[PDB]
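Here's the structure we're looking at; comments come further down.
In order of appearance the chains are A, B, C, D and E, and numbering begins at 1 in each one.
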Amino acid sequence: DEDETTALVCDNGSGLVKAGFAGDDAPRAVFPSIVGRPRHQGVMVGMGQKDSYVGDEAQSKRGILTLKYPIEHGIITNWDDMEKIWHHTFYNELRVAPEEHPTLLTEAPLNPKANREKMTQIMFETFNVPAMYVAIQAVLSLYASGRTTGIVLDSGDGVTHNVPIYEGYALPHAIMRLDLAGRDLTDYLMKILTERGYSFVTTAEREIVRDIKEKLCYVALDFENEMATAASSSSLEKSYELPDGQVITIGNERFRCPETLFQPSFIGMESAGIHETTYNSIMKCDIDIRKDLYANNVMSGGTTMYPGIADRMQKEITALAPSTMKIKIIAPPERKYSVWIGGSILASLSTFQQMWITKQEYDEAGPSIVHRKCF
Amino acid sequence: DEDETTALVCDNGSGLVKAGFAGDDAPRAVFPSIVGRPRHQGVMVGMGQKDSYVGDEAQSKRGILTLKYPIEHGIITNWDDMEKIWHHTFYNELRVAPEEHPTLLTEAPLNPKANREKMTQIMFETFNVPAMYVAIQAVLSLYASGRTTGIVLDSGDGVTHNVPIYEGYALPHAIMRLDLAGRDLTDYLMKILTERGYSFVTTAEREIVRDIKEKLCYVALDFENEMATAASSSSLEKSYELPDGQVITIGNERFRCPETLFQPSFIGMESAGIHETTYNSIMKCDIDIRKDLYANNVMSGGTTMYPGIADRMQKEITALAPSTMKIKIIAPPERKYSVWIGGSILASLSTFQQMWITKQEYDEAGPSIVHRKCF
Amino acid sequence: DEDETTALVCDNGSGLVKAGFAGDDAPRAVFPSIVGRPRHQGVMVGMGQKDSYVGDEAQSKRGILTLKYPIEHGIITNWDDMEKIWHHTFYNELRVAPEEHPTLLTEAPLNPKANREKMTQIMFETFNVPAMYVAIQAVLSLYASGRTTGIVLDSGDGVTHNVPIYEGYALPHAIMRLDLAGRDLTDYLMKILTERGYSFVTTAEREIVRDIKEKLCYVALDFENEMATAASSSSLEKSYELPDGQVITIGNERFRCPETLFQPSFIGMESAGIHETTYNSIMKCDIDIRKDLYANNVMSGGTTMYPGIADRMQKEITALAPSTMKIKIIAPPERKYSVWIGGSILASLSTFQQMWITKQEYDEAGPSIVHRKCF
Amino acid sequence: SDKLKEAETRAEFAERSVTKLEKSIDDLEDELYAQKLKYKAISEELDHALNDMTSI
Amino acid sequence: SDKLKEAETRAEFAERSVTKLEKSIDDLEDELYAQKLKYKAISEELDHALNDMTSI
């Protein structure tokens, strides 16, 4: 722990938890949001026999544990799970006590207000954090980009959000949430791999196939033409070496998996591709600034490490929108940490401690005070 | 052979092959999918000395043959085995030549596309069928029920599939395959009988214990309470007369075997009971029609001859789902033939010959034509 | 007897009984599980004329006694035989009274639950042991290896068991018992020696030929090539000096006897070699940890004193499984005592007396209490 | 008795050799497996860079 | 005499085990050698890539 009473910066992103100290450039403890529980009961002795397993421990013990998600698309299952994982993060991973450091947290866009009230109340009772602040990840990604104008595409693991912000002003009237995310990607890839001869249901293979998505997946420039040329495609077809050692070969599926977000009709969504959701979002607001939105679009999330989103994005928007002004996307490398960086940025300036949510305000007005203290 | 050129209707169900002519009410040649091979080599003469043994011949010669499964959970071992068994079915059992009759076949849900392309190619080269059509067994069971709305639970011998179909349209996004089936049932019963003092490994006892499952098995209304009262249970305990003549007595095991599908944690599956798989399947799709899915669930397969699936099904779904609307299951007697009946139904109408897969289409576009001709 | 009330540690292995005190490194009284009875009736006087003969006494009196096995492949013939042999072990061999020492026992894997209930009840009534604990020999061999991950191959004299345990947790769903063991080895060797000109049926020659297996037997690296070069093989052919003094010469049989476990088709088993049984066992469980199972396989039993199991094991598993990761077997010398060592290990720690099965618990709940007290 | 003592001495020598060679094999085995774990890592990563060439 | 034949049996057992272990050590050390050399070659090439980056 630093000698100074600097604040805690924790991004509880929908899919990854990244925690550390204020003034740091990158979060120190970063782990996926999976939680493992003993698949069977206790009869043995001498070691183990522990209920909750979180972090890399559960990653190593994936096979023996039922792998469960305490949060999915924002919905909260069991607050005890968050209690334990935050205990682990603060003491076993961050080696910090929350008594002496206020916490800045980031929440998924348009999270329930009742969810905020309950989570804040359990937090304040269970923990002894001196002060509090929670913010939407959209403005955090904006801060990471450091440009007040643009539309943020936050692609988490449970929801994809499109949020327009002009000159550092939120536009909730033009903000939308789409239920397509990593979960859907894994599902669709699971069914295609089932049609390829490999049919698995458990979560270990879920992580294997999301790793495959991280490594080999394409974003098709032209879809049906690329499957037409991918009929044989000995060179274009790509293989992976699974940890057991078998060589699993995939061809068109590499660019037929992310395509589903662009083409939701593959597995039955009324909503069109996410580019349509950015398009409608843009036109909902006044006409004039729309061009700037076209030229200032930002994309954020862990998924963004994949190739192909930028070219597809610009080409389709230019197809939909007039091609007079030039559209260009901006995306700094390793932007999944960017939100946490913005949290540090929030703690950088000396005005931030004017609106810390202190203990006594919550003791006076209950959780309801946040309704007036954040917004 | 009928004087008319009516089509062949063949259900190659995962566990049973049922073949016959179109316009017939029930398949003529029905046999299990076991295949027997000589356990030793040839030195004797005067009789026998034949490699492949299929059908009732292998059933009578189970002891002398290594009993092997050419298909397990959809996976194909050796196409030569299917070649021989289809030869036997067409000529020795159906007494029909496939030259003059197009074939309607049913395939296991979500079968590999590569499997379809290879099986169709070997079929067309080896055989001289004039025309072809292959369909998923889900819509066949739907046709047997004759109601366009419902969720089909296909419980084969290798896989159990849950498929929702609303107003006669498939919902692949909410379709799932579970690796629990007859094989698992026999295995689990084998280990319990091993704990009862009787330990066998060979397939003859596999068929004996599946017969026991057909005859005596219960589906427990309440599980732990029924073993608690089954401690002694002189009346509730039930016996079987094995063909050798020994009397083998089983008590709670009768309802502790099918329970494993409902409670997979007994032998270690991450997936919960099949009722959870129907539940998740239902919610994946739009909320509104879910009630109809609750009220229109159908179950199909040879296993369905057992008692207890209906009461357990409804009670657990009512426990999981709100109990306002009444949930009722429908299951016609002898529904394992129902798929084949639906095949006959397909040949009943005069529009079916508009999309027969003729020889010349396959000769033009290879197997790839099916990718455009069926779906 | 030690002044301290330390516990008794007794391994009733299927083939050998090894008993002693807790805190000791090796069992004190170790004897084979053969039991001799008078072959004829009594007319003489002045000496002998005793019914049960156990231990080295029966070994010296093998010729005059009908040699019978109170246990074979786990099945129990006569509890009186165990009563007498335990009396002999405790008083004539261990010189200990079970009144003042709780007993830790090891049982064959997957032993009958009814067998456990009857043996525990007769034990508690006949004997006055203060407290009880019985455990599977698999975890005992694991403890002897002192590594929570691995698959245990327990090769007793009645059954060979394959049991996978990952991070100190049992996997009954992937545990199997094979009816090949020492008995089969002796039988097969008996028939081959019959084809060599020497045909004996009695048990004395059974022990002679198992001694031959202990001394001279090979595990063939390549089978048919080694009989091809063993056609003459003056150097490779090996001889034994039988206690009567005749020189009995054996060639290829040395490595054609243990091969039967690897190649069961020699004497007609549907199950393939034990390496296939370890292979299937491995794949039944989740894919990911399978590599660790490959690298952490352990073998245990008295048979393991023979050469050749390790090289054959690794080569065949590498042939079956991908050869990326390196597979290595671990087997400490004199591992047939290892189980008993693990029993001492159980008594080493001070938590073991938290779950001693005391007399009053059995008096309250009958034998049924063990159903809740061990598992 | 003298011959038995000589043979026992030689047998013990051989057995200690066995155990020492087994330990050496263990150490070498662990080092080779690790070497290879990192070899496959660096090979996969060079391939990933080549995938970068494809994206460019 | 019986003890002496048992001693000769254990001696031959240990000597065969020694021969097997020695051959295993030799082959394992040759394999580890070639593996390390290939990794060294790739590491060389990657170091050259680092030097080129520095030149930029």
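Quick note on the criterion: a contact is a pair of C-beta atoms (placed from the backbone, for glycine too) under 8 Å apart; a residue touches a chain by one contact, two chains touch by 3 or more.
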Check your understanding: What angle, rounded to the nearest 5°, describes the rotation that places the Cα atoms of subunit B on subunit C?
Key -> 165
Practice item. By CA centroids, point me to the most central chain in this structure. Key: B
Check your understanding: So how far apart, in whole Å, are subunit B and subunit D when each is placed at the average of its C-alpha atoms?
Key -> 50
Check your understanding: Where the CA atoms of subunit C average out and where those of subunit E average out, how many Å apart are those spots?
Key -> 35
**Study point:** Centre-of-Cα separation between subunit D and subunit C, whole angstrom
**Key:** 31
Review point. Going by the touch rule set out above, which residues of subunit B reach two or more other chains?
Key: 268
**Study point:** subunit D: positions in contact with at least two other chains
**Key:** 29, 32, 36, 40
Check your understanding: Could you list each pair of chains that touch, in label order?
Key -> A-B, A-C, A-D, B-C, C-D, C-E, D-E
Point to revise | Residue numbers on subunit C that touch subunit E, as the complex places them | key: 215, 241, 307, 311
Practice item. Could you pull out which subunit D residues touch subunit C in their complex? Key: 29, 32-33, 36, 40
Exercise for review: Note which residues of subunit A are touching subunit B in the complex, please.
Suggested key: 39-40, 66-67, 191, 194-197, 199, 201-203, 231, 267-268
Practice item. Write out the stretch or stretches of subunit E touching subunit C in their complex. Key: 5, 9, 13, 16-17, 20
Practice item. Note which residues of subunit C are touching subunit D in the complex, please. Key: 324-326, 328
